[PDB]
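In what follows, a structure is listed as structure tokens, so that the remarks can point back to it.
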Amino acid sequence: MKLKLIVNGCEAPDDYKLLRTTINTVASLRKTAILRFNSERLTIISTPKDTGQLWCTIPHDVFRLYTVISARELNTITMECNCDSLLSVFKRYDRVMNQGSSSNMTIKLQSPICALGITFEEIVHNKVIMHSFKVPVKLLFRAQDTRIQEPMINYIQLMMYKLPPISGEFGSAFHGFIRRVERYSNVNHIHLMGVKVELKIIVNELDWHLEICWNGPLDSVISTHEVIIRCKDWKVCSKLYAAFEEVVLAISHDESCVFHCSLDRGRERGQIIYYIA
Amino acid sequence: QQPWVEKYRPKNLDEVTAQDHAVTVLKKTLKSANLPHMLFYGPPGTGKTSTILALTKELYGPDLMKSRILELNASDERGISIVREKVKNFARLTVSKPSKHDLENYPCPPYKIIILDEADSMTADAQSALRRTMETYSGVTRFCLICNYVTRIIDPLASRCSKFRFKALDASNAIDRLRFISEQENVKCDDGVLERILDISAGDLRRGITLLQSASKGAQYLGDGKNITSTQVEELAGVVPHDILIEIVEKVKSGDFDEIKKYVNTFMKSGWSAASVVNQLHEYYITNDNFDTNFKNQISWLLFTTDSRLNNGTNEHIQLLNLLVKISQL
Amino acid sequence: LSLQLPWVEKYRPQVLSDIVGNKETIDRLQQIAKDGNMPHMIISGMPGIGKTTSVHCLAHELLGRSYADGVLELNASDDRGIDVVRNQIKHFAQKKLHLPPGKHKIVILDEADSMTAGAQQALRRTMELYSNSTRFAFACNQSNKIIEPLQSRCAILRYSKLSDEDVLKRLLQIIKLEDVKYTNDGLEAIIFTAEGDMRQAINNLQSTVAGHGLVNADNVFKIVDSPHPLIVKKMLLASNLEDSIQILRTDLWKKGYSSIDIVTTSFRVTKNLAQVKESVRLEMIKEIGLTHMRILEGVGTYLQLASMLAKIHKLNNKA
Amino acid sequence: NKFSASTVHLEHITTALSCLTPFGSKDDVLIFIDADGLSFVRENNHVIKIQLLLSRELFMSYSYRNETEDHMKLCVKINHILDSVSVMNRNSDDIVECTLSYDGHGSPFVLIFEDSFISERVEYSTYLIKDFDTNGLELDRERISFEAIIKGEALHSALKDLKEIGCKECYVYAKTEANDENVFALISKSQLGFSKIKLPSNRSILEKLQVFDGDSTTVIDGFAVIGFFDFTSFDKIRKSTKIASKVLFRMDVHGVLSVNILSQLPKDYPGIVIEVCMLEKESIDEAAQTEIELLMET
Amino acid sequence: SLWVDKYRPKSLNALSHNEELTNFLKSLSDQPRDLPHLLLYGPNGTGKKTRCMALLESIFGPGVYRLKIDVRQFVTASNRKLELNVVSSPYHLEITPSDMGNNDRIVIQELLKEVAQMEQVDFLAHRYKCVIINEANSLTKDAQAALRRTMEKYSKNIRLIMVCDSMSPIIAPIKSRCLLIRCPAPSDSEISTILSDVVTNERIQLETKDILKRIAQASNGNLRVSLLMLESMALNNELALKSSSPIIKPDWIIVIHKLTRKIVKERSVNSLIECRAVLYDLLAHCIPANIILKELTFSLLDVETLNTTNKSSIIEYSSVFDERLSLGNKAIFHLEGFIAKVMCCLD
Amino acid sequence: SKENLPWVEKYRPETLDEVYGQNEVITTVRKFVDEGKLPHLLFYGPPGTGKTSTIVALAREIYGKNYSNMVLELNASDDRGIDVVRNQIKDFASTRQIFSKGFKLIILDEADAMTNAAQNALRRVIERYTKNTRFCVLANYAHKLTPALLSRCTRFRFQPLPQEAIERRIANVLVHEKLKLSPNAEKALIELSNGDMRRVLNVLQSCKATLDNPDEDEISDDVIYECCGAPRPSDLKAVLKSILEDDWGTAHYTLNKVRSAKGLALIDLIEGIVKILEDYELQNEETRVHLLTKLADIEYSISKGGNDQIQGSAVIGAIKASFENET
Ligand SMILES: Nc1ncnc2c1ncn2[C@@H]1O[C@H](COP(=O)(O)OP(=O)(O)OP(O)(O)=S)[C@@H](O)[C@H]1O
Ligand SMILES: Nc1ncnc2c1ncn2[C@@H]1O[C@H](COP(=O)(O)OP(=O)(O)OP(O)(O)=S)[C@@H](O)[C@H]1O
Ligand SMILES: Nc1ncnc2c1ncn2[C@@H]1O[C@H](COP(=O)(O)OP(=O)(O)OP(O)(O)=S)[C@@H](O)[C@H]1O
Ligand SMILES: Nc1ncnc2c1ncn2[C@@H]1O[C@H](COP(=O)(O)OP(=O)(O)O)[C@@H](O)[C@H]1O
Ligand SMILES: [Mg+2]
Ligand SMILES: [Mg+2]
Ligand SMILES: [Mg+2]
């Protein structure tokens, strides 16, 4: 049950910013989150159990230290933690490194309800200020842990589209495409479309009908594909794409939608999957 | 494929049978454009929803159907606020322009239709907000109210709507549709059948088609290739056999309370619905010639009271025992 | 068109001497207007007997030329919430307008029965603290709709239904100022159809003189009908069923009265019916309610009213 | 289609549309489309009416292929256009291009926005025209009691102060003196009591104040023009005065007030002519005007 | 474990009560494509739910008995944040909306309108999902009005098999769109045979097999009641059914019998107040008032000291007050009225 | 475009001279208009009597082309709450008249659907602004109106439409549609009308649709009875003769044959037999009581469903057991 990890944001900016990308998303989705500390990999889960589910994979090489032992299989212990407190602590460290510092995070599992001893250091300008925090968490049981499994997605003859990276010429154009529907206050359903490559945001209602289009180039690695989604999930998709260069969009015909995000750390790659029903 | 009730649902106004006083007017409406506000009322399973959904098709066409039709049933919210905003805004909406194909094929009337199915389940406050909506925008939109109990529609709303009563589908005017459906499904029936199915199902073609489907699904399960007889139809309909109802009658004739109570306790264990045994007793007592005028005059009111009490959702055992004990004291 | 006001507003009394009826109360109001010391009062009664024109005239006479900045009339058409009581009424009470000795500011809270509870509970403190300068004149139709602590500090003035002579005097004054031709039976019919309501007497007289000119029984009864409670009472107090069904049909069904209106009026008439045994009255109430339920459920037919009358006669003859 | 209009100055259209938001933001807006341009006529409770004027020179393109009819009237919900045109036209390298079109009756009003790589399209289904005459809420051209021209900033400050002090009711003064002195104040009845905001007589604020004898020709001095207006309707011009340089005020003897917002992008187009007609209250009270006069005396 | 849920048949061939009802369910399951909406009605404890499960097993194959329980949240107009457990499984869904209360409309308009608009297109046969509505007779006449069109329009992707007893308070439109399947209660011979199967399987030592017949006649055609009685008697007698084993009965039944004895013996106002106290005690235990009235009537009719006139008056008052309770709000008034009328008629 | 309208709305009286039936009300409001003083009006009557047409025609005559800016028509389709009463009606009444030199009109249709809170706030609005605005209240149920609002408004009763007015409107409709109506069919239409012109128009339109050639054929009584699905006047007396003169075996057969020849409904036969028996000279005073109290219960049970044959036999039993008293 002994859990201890060390994070250094300045040492590795990518894996650290993906950790910022995972925490902000689980804060924006809903309160509380599920953290399974597998001996080789971390996975941050927000299961509402219609509402979407996020499954972000975090490897073990991202942190300087990943000592994890438990009596369960593969040293797996699963936490339930209120996301507001850890988000506040994480923002505090963001301000700590913004003011100028290179200190690391010492996170230890100090004691079923437990807490994490997230302690770090900050220097103002050659002064020593110790920041100590304790976020109360609960220990998920193994029988409760196996009740949570990642949603499955198939494409017998469906269609995944390669979203252009945000660092390219068309990245800002596609970001504006995704955020264009977010400007309207009175929108609750968006109807995505798939033609094989064009994708359109259609919002048809009793007296008004949006039909936004993307006329730029698109890629689909290797038939109609339409789905009805909520606007908040589209906002989460916007936020996920804004922080990812490699974004994968797959659309199922009246079944589901999946927002796949991947960071090429090469090394195991960190991936974020947003299952949407 | 699909249940026979949905497979053989009328698609055009030429398959709605036995309602020749309300279909001819709607078909004359096809040529003109003066469709009035309609109030469809009648017994359940008479074809009102199968008539409006066919008239809408003939009037508009599949492509114009999604744009010129708004359907609101009891399965969605129809409160005073909903009537005041959604229905009013749809009525205020301008008539959509038909396409060239729609104009060249379908009549395309210059109005839209708001169908309010199961309007008897609407509160009298929400019904009062339609009174001026169906009159101010009567030239841009049309209204069709469908219900089974016309008394639950307020008089101001019933005044503005043309009333079309859908007749009960008995074995005389709905026999042709059942015989067409049976022949289309290769159902081999005896003589007398298809006239007993339409009699057990009193004024309801939906039940008369479901019972025929149920009788065929067993006939094709046995595999002997025999004709469906008039006893199986009652066996899957719930009609009490004429040997148990006879025991009921001959136990009523002997006015001993305890034996009647014991036989009713045994009878209720067989699962028979009281609404069917009361009906069969009504037929037996009214049609019999061994009972005088006073006995029938009292039995009519007794059976009427029992049926009215059973319609309110009461215990079948208590009401049936009370009815039979009262009959035994006549 | 024309600027000619309706006679209800054209002949609204502007002095306390022109308000007929309740002589013992109007005289006391005049005594208050002369002396000056006006206590907090609650004027209640039936509609149209002169409860508003009395308070307004009393305030006018009591304040003279200071009426514009000495009164604060808050009706139900204004937002008489708790915020208004806490701000506008408080600031009007805190005003230090100088008045002749004995005179006081008047807050005419007309239609105070529709005021909310928190507003009245704040009004409690408003009249508790600022009582030496401003006075509150509540005008209502039902005194029980004002909370008991507010009624404790006030003086209750119960206006009554106007008789057949005060209304006749006011009608004769109007007919003298409008040169209206009349006959005694027509004026008596107007009084009978008014039911102690001066407003509904003036309106009927104006309608009759506009439609026909001469005020006789025929010209009156051909434009304004006899009161339907008095026809429902005649229907419910008959002897035979064939004589009550006639008054039901030919006087309430072919005339245009809804069945629910007939039942609602029948309940009120039964509640006030006299010379009827209490068992008979409660049975009649039960039979009227059983038909009211059926009419409210949808079956508002003449057959149901006939059945209700038949059951009333059944309970009358033996039960 | 039968009508098409495109532009890039989305800020101007957004400012014009935001002047119709004070009148609810949850109802219907009626649009005129003729050769001169396109307008938004909005009325509330038949007591106040606001009318925009977007000239054809404002847009780069204005075709109006409707040869059959002189003008086209359509009725749509106002909130949706307010939300749509609020693109703020960011990323100045790629200017968001507007496209307004309307094919005719039965066709929806189209708002196509082009972001070079993005071409979104919004369709607004029109509603049936309510049987109301916009000519009712109009002022005389022969019965003007007074005509005043006031700069936008001072008037906007006056309305802001009136809103801040509550101002449940408002009054208007217009008196001209024979010694070229012109007085113009917005007297208000609020929680505070009796408050007066006197506009300065200098030509930088009061360019021209002329009081007539109900004939719009005579110049009578020493007379006063009194207009009792509900501040609920008078506050609707506050947002319109935030974009105006000069405001024209005209009232007649029949109790209607015409606030003419003069707003001063293409060179040919004059601007947004915003006209806010307003009805005067009946003012059954008679001593209130006497008190207004006495307050203006001292 | 409970012997009711440990010997429940899990197939159409393991259901031994009515050979005629199994041969009809097999005919229904032969061609599952055209399965109509079904309404199973019969006496309680017959096994209508078990036969529905067997039909679902014959249609969708095995795997209909692995039930996953999820709680769905529904919000009313007043934002009361109501609650309802939704027992579900592969290929079928089970709901008892009547438990939600008078707000069953808010669940039959959400669950039955969201699973009927899913089309169940998996990876191409859309098929249909069978929804079982337990206690279909407890709906408030507004859940059925919003259900008739729901199951009529979306019949392609959903099928409804409603389970109920005494289908009187079910409206005519619902019964018109549903195929009515009667489930008669087993005779004492079949119940005795089933109890014999249980006792040889459980290895309990019975003597005088007549005891199983006694349990069958005491259960009144209720397999659940008979099995619970058998288990209680075996456990209280240490797995040895002696010939004088006491046939245990529900406590509320004995209390209702004592109430009937008090009514027969004492007929006064104070006895009526004691009867009210007993009725309030029974009502505090969530026992339906209709069932209480039925038991009271059929226990007062079993008294051997009452003549035919008294029994006829009792049954007439029972019918009248049952109809009154069906159209009322507070049942204590109707129960007291029935008891007072019985007391007045007896003396 | 007026020919694509339903006959109910196509033949709406545009002027006050096209409103038939109500004469003492029209001839009073016309004198009110000509004199120049229009008091606060209340229009009461059964549905389809012509209240909403009379008030609109009166306002059109008063204002002419200024109808739009001087009439505030509010009905049950609008949220006529206390907030609306204080925020729209009050400022429509407060503002000065728009060029007409007279008064404004506020028409509150279906005022019986207004709440008591919104009706107790309109009283002082009516009283205060009487000089420059007037109020017309239209309702069919006067028990939902507050007594003070009923006292502030002059009451005009719209009687059910007489036979002569219905026949004179029928003549105009026949002239405009080039239709022909048999003398025996006009009486049937008037009898089924129950004083409602909307029923006249809605039945006549379906009668025209029923005719194969609407330019040569005539609308007989058979056409009307088939279109509206009502029992013939002979089928209502044959059933009663069988019930009151035959046995219990042939009366049932006659009833079920009458109800199956043309598919007639039980409730229509009940309401026809009631009207036929109301003219009877029953000399027991208990036969009438039994008939009413039993046929009303059967009518109430019919409205909630149930077995049709059981209720049909109950009608025969209730009519037979009642006349046993008379004999
Ligand atoms: N005249 C008819 N001709 C042919 N089929 C009919 C007719 N009347 C009813 N049906 C059949 O009855 C079934 C149900 O018809 P619907 O019109 O949907 O029911 P309904 O008349 O609306 O009764 P409700 O919904 O309880 S009010 C369908 O299978 C129809 O085909
Ligand atoms: N006693 C009276 N003397 C003279 N006119 C009267 C009298 N009572 C009522 N009126 C007339 O009634 C109209 C004014 O009614 P009000 O006095 O305002 O009614 P009210 O008695 O206050 O009833 P409510 O509460 O307002 S419904 C005018 O036409 C008056 O002339
Ligand atoms: N006296 C009449 N003369 C001619 N047509 C009439 C007459 N009365 C009613 N109608 C017709 O009936 C239609 C409906 O009547 P309306 O006046 O609009 O409603 P209403 O009579 O006021 O009934 P309510 O109370 O509003 S449901 C009118 O449009 C006319 O076509
Ligand atoms: N054919 C059968 N053989 C053995 N037991 C049965 C059979 N049918 C029903 N049962 C018993 O009935 C019990 C369930 O009854 P239930 O389905 O609740 O009846 P109902 O549906 O009438 O309420 C089960 O425990 C089962 O043991
Ligand atoms: Mg239907
Ligand atoms: Mg008053
Ligand atoms: Mg009307």
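We label chains A, B, ... in the order they appear in the structure tokens, count residues from 1 in each chain, and number ligands from 1 in the order shown.
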
For residue 74 (chain F), please output as a PyMOL selection string all residues within 7 Å (counting only C-alpha atoms; exclusion window: fewer than 4 positions along the same chain).
chain F and resi 78+107-109

DSSP on the backbone: what in region 116-177 of chain A comes out strand (DSSP E), as a list in words?
residues 116, 117, 118, 119, 120, 121, 122, 129, 130, 131, 132, 133, 134, 135, 136, 137, 138, 139, 140, 159, 160, 161, 162 and 163 of chain A

Show me, as a ChimeraX atom specification, the residues that have an atom within 9 Å of residue 321 (chain E) when counting only C-alpha atoms, minus same-chain residues fewer than 2 positions from it.
/E:293,316-319,323-326,334-335,337-338

Any residue with an atom at most 9 Å from ligand 7 counts, using only C-alpha atoms and all ligand atoms. Which are they? Put them as a PyMOL selection string.
(chain B and resi 131-132+135+156) or (chain F and resi 47-48+50-53+75+109-110+138-139)

Output N, CA, C and O atoms for every residue in that selection, as a PDB file, in the first residue's frame.
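The resulting file, again-v6.pdb, is shown below:
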```pdb
ATOM      1  N   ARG B 131     -57.486  27.864 -28.021  1.00  0.00           N
ATOM      2  CA  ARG B 131     -58.732  28.365 -28.594  1.00  0.00           C
ATOM      3  C   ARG B 131     -58.483  29.503 -29.576  1.00  0.00           C
ATOM      4  O   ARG B 131     -59.109  29.560 -30.642  1.00  0.00           O
ATOM      5  N   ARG B 132     -57.572  30.414 -29.243  1.00  0.00           N
ATOM      6  CA  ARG B 132     -57.212  31.483 -30.163  1.00  0.00           C
ATOM      7  C   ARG B 132     -56.065  31.110 -31.092  1.00  0.00           C
ATOM      8  O   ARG B 132     -55.902  31.751 -32.135  1.00  0.00           O
ATOM      9  N   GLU B 135     -57.544  29.771 -34.234  1.00  0.00           N
ATOM     10  CA  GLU B 135     -58.392  30.727 -34.931  1.00  0.00           C
ATOM     11  C   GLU B 135     -57.636  31.907 -35.521  1.00  0.00           C
ATOM     12  O   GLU B 135     -58.035  32.408 -36.575  1.00  0.00           O
ATOM     13  N   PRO B 156     -65.459  24.770 -25.736  1.00  0.00           N
ATOM     14  CA  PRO B 156     -64.899  25.733 -26.703  1.00  0.00           C
ATOM     15  C   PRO B 156     -63.980  25.102 -27.734  1.00  0.00           C
ATOM     16  O   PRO B 156     -64.004  25.506 -28.903  1.00  0.00           O
TER      17      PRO B 156
ATOM     18  N   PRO F  47     -70.367  29.112 -26.166  1.00  0.00           N
ATOM     19  CA  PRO F  47     -69.402  29.185 -27.269  1.00  0.00           C
ATOM     20  C   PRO F  47     -70.094  29.225 -28.624  1.00  0.00           C
ATOM     21  O   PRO F  47     -71.155  28.631 -28.825  1.00  0.00           O
ATOM     22  N   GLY F  48     -69.474  29.942 -29.559  1.00  0.00           N
ATOM     23  CA  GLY F  48     -70.014  30.039 -30.900  1.00  0.00           C
ATOM     24  C   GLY F  48     -71.187  30.976 -31.052  1.00  0.00           C
ATOM     25  O   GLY F  48     -71.905  30.895 -32.051  1.00  0.00           O
ATOM     26  N   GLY F  50     -70.902  34.462 -30.975  1.00  0.00           N
ATOM     27  CA  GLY F  50     -70.510  35.624 -31.745  1.00  0.00           C
ATOM     28  C   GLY F  50     -69.958  36.761 -30.914  1.00  0.00           C
ATOM     29  O   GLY F  50     -70.122  37.929 -31.274  1.00  0.00           O
ATOM     30  N   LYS F  51     -69.305  36.437 -29.800  1.00  0.00           N
ATOM     31  CA  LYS F  51     -68.749  37.473 -28.936  1.00  0.00           C
ATOM     32  C   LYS F  51     -67.435  38.016 -29.490  1.00  0.00           C
ATOM     33  O   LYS F  51     -67.270  39.235 -29.645  1.00  0.00           O
ATOM     34  N   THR F  52     -66.488  37.122 -29.789  1.00  0.00           N
ATOM     35  CA  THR F  52     -65.196  37.516 -30.338  1.00  0.00           C
ATOM     36  C   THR F  52     -65.315  38.165 -31.709  1.00  0.00           C
ATOM     37  O   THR F  52     -64.442  38.954 -32.079  1.00  0.00           O
ATOM     38  N   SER F  53     -66.359  37.848 -32.472  1.00  0.00           N
ATOM     39  CA  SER F  53     -66.620  38.554 -33.720  1.00  0.00           C
ATOM     40  C   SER F  53     -67.237  39.926 -33.480  1.00  0.00           C
ATOM     41  O   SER F  53     -66.861  40.898 -34.147  1.00  0.00           O
ATOM     42  N   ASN F  75     -55.335  37.142 -24.956  1.00  0.00           N
ATOM     43  CA  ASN F  75     -56.163  35.955 -24.786  1.00  0.00           C
ATOM     44  C   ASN F  75     -55.461  34.903 -23.936  1.00  0.00           C
ATOM     45  O   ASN F  75     -54.405  35.169 -23.353  1.00  0.00           O
ATOM     46  N   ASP F 109     -59.814  38.548 -24.076  1.00  0.00           N
ATOM     47  CA  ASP F 109     -60.567  37.355 -24.427  1.00  0.00           C
ATOM     48  C   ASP F 109     -60.175  36.195 -23.519  1.00  0.00           C
ATOM     49  O   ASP F 109     -59.024  36.083 -23.084  1.00  0.00           O
ATOM     50  N   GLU F 110     -61.151  35.329 -23.243  1.00  0.00           N
ATOM     51  CA  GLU F 110     -60.975  34.176 -22.357  1.00  0.00           C
ATOM     52  C   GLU F 110     -60.451  34.607 -20.989  1.00  0.00           C
ATOM     53  O   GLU F 110     -59.522  34.018 -20.432  1.00  0.00           O
ATOM     54  N   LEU F 138     -64.370  39.078 -22.330  1.00  0.00           N
ATOM     55  CA  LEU F 138     -65.119  38.019 -22.994  1.00  0.00           C
ATOM     56  C   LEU F 138     -64.927  36.724 -22.219  1.00  0.00           C
ATOM     57  O   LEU F 138     -63.790  36.315 -21.962  1.00  0.00           O
ATOM     58  N   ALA F 139     -66.033  36.085 -21.847  1.00  0.00           N
ATOM     59  CA  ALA F 139     -65.959  34.847 -21.085  1.00  0.00           C
ATOM     60  C   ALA F 139     -67.235  34.048 -21.298  1.00  0.00           C
ATOM     61  O   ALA F 139     -68.289  34.606 -21.612  1.00  0.00           O
TER      62      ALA F 139
END
```

Can you pull out every residue with an atom within 9 Å of ligand 2? Use only C-alpha atoms and all ligand atoms and format it as an MDAnalysis selection string.
(chainID C and resid 6:13 16:22 26 43:55 110:111 139:141 159 162 166:167 170:171 197:203) or (chainID F and resid 123:124 127 147:152)

Distance query residue 53 (chain D) at most 9 Å, only C-alpha atoms, self and fewer than 4 positions along chain excluded, as number ranges by chain:
D: 16, 36-40, 271-275

Residues from last step as file, C-alpha atoms, as a PDB file, in the first residue's frame:
```
ATOM      1  CA  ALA D  16     -26.472  48.152 -34.743  1.00  0.00           C
ATOM      2  CA  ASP D  36     -31.993  51.499 -49.976  1.00  0.00           C
ATOM      3  CA  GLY D  37     -30.884  48.897 -47.438  1.00  0.00           C
ATOM      4  CA  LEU D  38     -32.061  46.613 -44.650  1.00  0.00           C
ATOM      5  CA  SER D  39     -33.582  47.730 -41.351  1.00  0.00           C
ATOM      6  CA  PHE D  40     -34.707  46.257 -38.023  1.00  0.00           C
ATOM      7  CA  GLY D 271     -24.306  55.653 -40.943  1.00  0.00           C
ATOM      8  CA  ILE D 272     -26.927  53.876 -38.869  1.00  0.00           C
ATOM      9  CA  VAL D 273     -30.061  56.025 -38.693  1.00  0.00           C
ATOM     10  CA  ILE D 274     -31.617  54.837 -35.419  1.00  0.00           C
ATOM     11  CA  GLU D 275     -35.057  56.309 -34.703  1.00  0.00           C
TER      12      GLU D 275
END
```
